[PDB]
Amino acid sequence: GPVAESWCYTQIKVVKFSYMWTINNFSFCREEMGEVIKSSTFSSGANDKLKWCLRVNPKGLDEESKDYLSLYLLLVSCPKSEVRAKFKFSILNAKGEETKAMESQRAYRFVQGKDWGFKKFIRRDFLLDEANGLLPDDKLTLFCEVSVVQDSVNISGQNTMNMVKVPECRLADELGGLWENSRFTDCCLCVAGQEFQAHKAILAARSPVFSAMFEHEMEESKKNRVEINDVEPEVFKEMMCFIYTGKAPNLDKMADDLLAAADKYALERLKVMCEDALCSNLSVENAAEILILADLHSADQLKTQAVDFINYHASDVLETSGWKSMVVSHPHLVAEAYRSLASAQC
Amino acid sequence: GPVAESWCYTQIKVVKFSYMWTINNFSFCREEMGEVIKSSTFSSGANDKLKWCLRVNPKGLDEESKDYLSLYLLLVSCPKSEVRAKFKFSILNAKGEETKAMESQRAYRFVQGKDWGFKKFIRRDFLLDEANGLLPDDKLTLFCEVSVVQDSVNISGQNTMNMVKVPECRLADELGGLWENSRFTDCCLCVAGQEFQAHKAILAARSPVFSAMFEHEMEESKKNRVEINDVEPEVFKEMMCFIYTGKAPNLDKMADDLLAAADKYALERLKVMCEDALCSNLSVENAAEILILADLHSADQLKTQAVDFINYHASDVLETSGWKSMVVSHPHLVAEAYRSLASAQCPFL
Amino acid sequence: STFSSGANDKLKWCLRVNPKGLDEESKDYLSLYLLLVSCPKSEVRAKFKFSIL
């Protein structure tokens, strides 16, 4: 494999959907042949405009099948013209491994209203036998993998290729490296008795709350000293770093007070990144104060995710003294928890 | 144990009523064939508007079932049009165990006043024989269980979904938003008549040449009476747009002057952008002009591309009078070109 | 992608590969061709050698 004076890299983009679909009390299919059990529509993050659904016929779709289980995949919404894909089904057995896996070798085309699948997927007696355990506790578990192909793209790595090195846009690093130098700072800025020499122009540029506060009767007299006491300097310097550099790398260690400051300052990106930090840290012991901070900071998504956590761990989260304190102090949170866990779930 | 990007859960709602009938002195059946004995109507809490009852024929429904006691389930009251349900009748013996417990494979459809049941239920003699124990104390202890199925519902879960669906970025949008709002008017630079506003720190950071004379401890008079004449105000506005918005959509038709302003301003990035734009602009007729511009602007990459261009394109580029004009005006260019050709072509006479 | 070298650089070529057979007469084949898109002259004489890594 010698060195090539020109190379090209043809990239057919592929994205993968992964799907589980469980039917309870399957022996009560409750009807005869031809009937269909649609599944709820499902997708992935990108592009999320292509929505798929499952059609499963418990009895035979055709007179040739009859004693056969048949599944199809059906595409309900396509923003493009057509989408080419390969599907692979497999029944999960009692333990959970993939059995009876059947796939289509062809990348079938897909239009809205067009469905493809396996009519002769698995024999009805083979399913209804208990010895193979293909129907554990009358629960039918189907796992489908969907592979969607997109356009190929060529990056054209032929050499000599404008051989000067091109830096990216330098608004962020140039502004970030000016803070330690502390140049072009027209005014002073002290928080909690500690001096942080910065200036009001770029802060007014990069936070509309603060600029609207600046132009209204403070820059005339108290421009030089501004009273900030809602945060410690360790949170204030992190927020100033986020304002200038554009990122807050020290996130996990102080995600909570950074979220509180971001709720105070209506910084939605800071709020959602601290929420992303704290979502993985959901635990039984911390769920109550997590809910309290979410309610105080009006993070509806975090409130919903913590509600789901309480739904999944309701056996032990309730008896915690933290949740008891949340009960005694926050009746509304418990009322909303009851509403979500009652109306939505059951 | 595969991990699913999305999971679904469809549950068919099953409600089970339970019911026990005892008729004392059953051998005193009081009647012949054609007799119908009903029981009291019964239900559970959910949804409590579904009323069922039992109807037994002790002798038989018809002449085929004379030696078969017949038992029927009858749905008397239903709010909906159809109720699909599956029934299982059984008879409890003297100990109490289920005997002749026969089920329905189908979830039969029921309506107001429609009956479905087992006519061929149990032999009359097998019921009447005391040794079977199915008539303890002359009490016929029937026991039925009925399961009504409902429309299934889809829970429609989606693990990790779209997370929190974050809003637009603020890395360089806020620059543009502040410029659109046009607030904090720090200075008013009047150049070629039209007035432009900008700030100090961002201009100093992006343009070191602008920061150079402002680092000389004089700022206010130079801001009040700034002298800008080497670059026209349209290119100045385009530079402002490239700094704040971050894009230069019409750079192709203004590549030359933007490159000259970048040369004046020591903007290596902007000079590279204009050079890359001018790379896909070479034709057969103005390659001499492009090479002259690259040589004047000291654009090494563009000059190398043009030198390769002329060296391959030599069969037709030297035909135009621009090459002869370059020969007349710039003898040193012909000298270095001939030196490069002689150095490259070491072979041949 | 259309390719050349830095010299001479006006003869542009592109590989047209066919994952299936091009024709049914010789099916079960990866028919690969070299196609000249850009050329200034009337003809070009060239020898090509294909290979798979």
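Criteria and thresholds
- Residues numbered from 1 in each chain as written, not as in the entry; some residues may be left out.
- Chains lettered and ligands numbered in written order.
- Part of a larger assembly, values for the part shown.
- Heavy atoms only, no water.
- Helix = DSSP H or I, 4+ residues; strand = E, 2+ residues; numbered from the N terminus.
- Rg over C-alpha atoms; globule rule 2.2 N^0.38 Å.
- Buried < 20%, exposed > 50% of the residue type's maximum accessible area, 1.4 Å probe, protein only.
- Areas by Shrake-Rupley, 256 points an atom, 1.4 Å probe, with all protein chains shown as cover.
- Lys, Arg positive; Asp, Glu negative; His and termini not counted.
- Charge placed at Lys NZ, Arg CZ, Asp CG, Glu CD.
- Contact = heavy atoms within 4.5 Å.
- Buried area = accessible area lost by both parts, 1.4 Å probe.
- Salt bridge = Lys/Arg side-chain N within 4 Å of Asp/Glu carboxyl O.
- Axes fitted to C-alpha atoms, helices over the stretch in contact; angles between N-to-C directions.
- Parallel < 35°, antiparallel > 145°, perpendicular 65-115°, else oblique.
- Left-handed = near helix turned anticlockwise from the far one by under 90°.
- Pairing = 2+ DSSP bridges.
- Polar contact = N/O pair within 3.5 Å; in protein donor to acceptor, adjacent residues only side chain to side chain.
- UniProt positions renumbered as here; feature names shortened; annotations may be inferred.
- Domains from an automatic or database assignment.
- Patch = residues over 30% accessible without salt bridge, like charges linked within 9 Å, V, L, I, M, F, W, Y side chains within 5 Å.
- Core = buried A, V, L, I, M, F, W, Y, C linked by side-chain atoms within 4.5 Å.

What follows concerns the overall build of chain C. The helix and strand tally for chain C stands at zero helices and two strands. Taking 10 Å as the expected radius of gyration for a compact globule of 53 residues, we find that chain C reaches 14 Å, considerably beyond that expectation. Along the longest, intermediate and shortest principal axes, the C-alpha atoms of chain C span 35 × 30 × 20 Å. Relative to its 53 residues, chain C shows a buried fraction of 13%. With an accessible surface of roughly 4800 Å², chain C has 54% of that area assigned to carbon and sulfur atoms. Positive and negative side-chain charges in chain C, numbering 9 and 6 respectively, have mean positions lying 10 Å apart.

Counting residues at the interface gives 63 residues for chain A and 47 residues for chain B. For the pair chain A and chain B, the summed buried surface comes to about 4700 Å²; carbon and sulfur atoms form 57% of the total. Across the chain A-chain B interface, the total number found is four salt bridges. Across the salt bridge formed by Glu-31 of chain A and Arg-84 of chain B, the nearest N and O atoms sit 3.6 Å from each other.

Turning our eyes to something else, we now look at the packing of helix α8 (residues 287-296) of chain A against helix α9 (residues 300-312) of chain A. All names here are of chain A. Two elements in contact, α8 and α9, have axes whose closest approach is 9 Å; the angle formed by their N-to-C orientations is 155°. Considering their axes alone, α8 and α9 lie roughly antiparallel with respect to each other. The interaxial crossing formed by α8 with α9 has left-handed handedness. Counting all contacts with α8, which are made through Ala-287, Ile-290, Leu-291, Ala-294 and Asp-295, the residues of α9 involved are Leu-302, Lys-303, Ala-306, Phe-309 and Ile-310.

Let us now look at the sheet that holds strand β4 (residues 68-77) of chain A. Residue and element names in this part refer to chain A. Pairing is antiparallel across the open sheet formed by four strands, whose spatial order is β2-β3-β4-β8. Strands with a single pairing partner mark the edges of an open sheet, and in this sheet they are β2 (37-38) and β8 (115-123). Direction of pairing for β4 relative to β8: antiparallel, over a ladder of six bridges. Residue pairing for β8: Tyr-68 is matched across the bridge by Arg-123.

If you trace the backbone, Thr-10 of chain B turns up in strand β1 (residues 6-11). Note on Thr-10 of chain B: relative accessible area 2%, which makes it buried. Polar side-chain contacts of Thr-10 of chain B include one of 2.8 Å to the side chain of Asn-154 of chain B. Dropping the residues within four chain positions of it, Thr-10 of chain B is found in contact with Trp-21, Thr-22, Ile-23 and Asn-24 of chain A together with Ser-152, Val-153 and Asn-154 of chain B.

Further remarks concern the pairing of strand β1 (residues 10-23) of chain A. Pairing between β1 of chain A and strand β9 (residues 140-154) of chain A: 13 bridges, direction antiparallel. What sits directly across from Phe-17 of chain A, in β9 of chain A, is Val-146 of chain A. The sheet contact formed by β1 of chain A and β1 of chain B spans five bridges and is parallel. Each bridged residue has a counterpart across the sheet, and for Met-20 of chain A the counterpart in β1 of chain B is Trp-7 of chain B.

Bringing the UniProt feature "domain: BTB" in chain B into the picture now. Listed under "domain: BTB" in the UniProt record, and renumbered for this structure, are residues 158-282 of chain B. A helix fraction of 50% and a strand fraction of 3% characterise residues 158-282 of chain B, whose end C-alpha atoms lie 54 Å from each other.

Residues and elements named next belong to chain B. Relative to the elements of secondary structure, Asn-311 occurs in helix α10 (residues 300-312). On the basis of relative accessible area, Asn-311 is assigned to the partly exposed category, the value being 48%. Along the chain, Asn-311 and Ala-337 lie 26 residues apart, while their C-alpha atoms are 9.6 Å from each other.

One frequently used descriptor of interface size is the decrease in accessible area upon assembly of the parts. Taken domain by domain, chain B holds domain 1 (17-148) and domain 2 (170-276). Its C-alpha centre places domain 1 of chain B at a distance of 93 Å from the equivalent point of domain 2 of chain B.

This part covers the environment of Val-307 of chain B. Turning to its location among the elements, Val-307 of chain B is positioned in helix α10. Residue class for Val-307 of chain B comes out partly exposed when judged on its relative accessible area of 35%.

Right, let's talk about a nonpolar patch on the surface for a bit. Taken together, the side chains of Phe-3, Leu-15, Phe-48 and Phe-50 of chain C make up a nonpolar region of the molecular surface, amounting to roughly 390 Å² of accessible area. Mapped onto the secondary structure, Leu-15 of chain C falls in strand β1 (residues 12-17).

On the surface, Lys-86 and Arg-106 of chain A together with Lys-20 and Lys-27 of chain C cluster together to form a positively charged patch. Position of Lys-86 of chain A among the secondary structure elements: in strand β5 (residues 83-92).

The next thing to look at is the nonpolar core. Of all hydrophobic cores here, the largest spans 38 residues; its most connected members are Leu-251, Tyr-265 and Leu-270 of chain B. Going through the elements one at a time, α3 (200-206), α6 (233-244), α7 (255-265), α8 (268-279) and α9 (287-297) of chain B are the ones with two or more residues in this core. For this core, the leading source of residues is α6 of chain B, giving seven residues. Beyond its immediate sequence surroundings of up to four residues, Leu-270 of chain B is in contact with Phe-242, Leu-258 and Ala-262 of chain B. In this structure, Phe-196, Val-231, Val-235 and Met-254 of chain A belong to the second largest nonpolar core, which totals 37 residues.

Here we take up the UniProt feature "domain: MATH" in chain B. The positions that UniProt labels "domain: MATH" are, in the present scheme, residues 16-146 of chain B. Counting secondary structure, residues 16-146 of chain B comes out at 4% helix and 48% strand; the distance between its end C-alpha atoms is 6 Å.

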